[PDB]
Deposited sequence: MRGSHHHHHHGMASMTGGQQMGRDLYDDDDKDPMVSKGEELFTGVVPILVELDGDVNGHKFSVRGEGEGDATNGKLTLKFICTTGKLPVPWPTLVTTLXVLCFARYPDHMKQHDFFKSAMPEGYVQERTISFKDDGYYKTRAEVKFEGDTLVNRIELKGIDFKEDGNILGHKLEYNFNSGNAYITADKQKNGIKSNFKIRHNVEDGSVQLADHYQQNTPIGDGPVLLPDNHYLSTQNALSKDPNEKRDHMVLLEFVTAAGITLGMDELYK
């Protein structure tokens, strides 16, 4: 599926979520430039105030736009499953607090790459950093390690995100991740490698709704 990603591709992201029983919705749009591993997106909470901090949703809210160097083309599972796409599931455990469970489908609809997500949040503390909105509006660079899962004909990943808390401490979020193709055509199963990421969060000054402007770079390495 790499031929689908040679130019700038429009992106649509749709998340329906439920944290401690409170429902919310997020809608995002922008574009991706896999040649440079670059993502540009704006997200809106369409139901009102977002009940969790925006930084906790970044990883949930399209790894097919990662820049895989020419010599790593054979380890790019994400593009290889396209256009039918893949299912991406995660558990995200916030240390000393609740956890997210997410199931998403990432696939083309026409010329648009769509990420459509169901999220459940369970056992969060009313006075914790999530429901209490105590996390700084920023995001730290990191690496995410990719390993093949032959039994499922997909990949797996685990990694740690560290969210800056407004008092100066750090809130760890352990990610466990599993990806499986939607179609039954052949996909590329990679050798071990990792993805290196940079992120910049900002605000639209003309936007009155609760929102997040996001720019992200993702590059494959380690082989």
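*Asks:* Note down, first to last, the deposited-sequence stretches for which the model contains no C-alpha atom.
*Replies:* Several stretches lack coordinates - namely 1-37, 99, 262-270, in sequence order.
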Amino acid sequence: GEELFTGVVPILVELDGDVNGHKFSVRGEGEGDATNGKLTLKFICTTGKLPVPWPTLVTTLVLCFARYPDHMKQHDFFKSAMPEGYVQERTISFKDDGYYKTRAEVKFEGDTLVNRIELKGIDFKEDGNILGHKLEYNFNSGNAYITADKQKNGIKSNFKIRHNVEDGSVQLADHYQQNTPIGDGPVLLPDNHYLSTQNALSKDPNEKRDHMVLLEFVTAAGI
From here on, numbers count along this sequence of modelled residues.
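*Asks:* Would you mind comparing 203-211 and 7-15 for me and telling me which has the higher average C-alpha temperature factor in the entry?
*Replies:* That would be 203-211.
*Asks:* Please compare 146-154 with 79-87 and name the stretch with the higher mean C-alpha B-factor in the deposited structure.
*Replies:* Looking at the recorded C-alpha B-factors, 146-154 comes out higher on average.
*Asks:* Between 53, 48, 28, 32, let me know which has the highest C-alpha B-factor in the entry?
*Replies:* Top of the list by C-alpha B-factor: 48.
*Asks:* Could you tell me which third, lowest, middle or highest, the C-alpha B-factor of residue 140 occupies within its chain?
*Replies:* Its C-alpha B-factor belongs to the highest third of this chain's values.
*Asks:* Please place residue 164 in the lowest, middle or highest third of its chain by C-alpha B factor as given in the entry.
*Replies:* It belongs to the highest third of the chain when residues are ordered by C-alpha B-factor.
*Asks:* Sort the modelled residues of this chain by their C-alpha B factor and say whether residue 117 lands in the lowest, middle or highest third.
*Replies:* CA B-factor rank for residue 117: middle third.
*Asks:* Please say which third, lowest, middle or highest, residue 67 falls into when its CA temperature factor is compared across its chain.
*Replies:* Residue 67: CA B-factor falls in the highest third of its chain.
*Asks:* Taking only the Cα B-factors deposited for this chain, tell me whether residue 61 sits in the lowest, middle or highest third.
*Replies:* Within its chain, residue 61 is a lowest-third residue by C-alpha B-factor, going by the deposited values.
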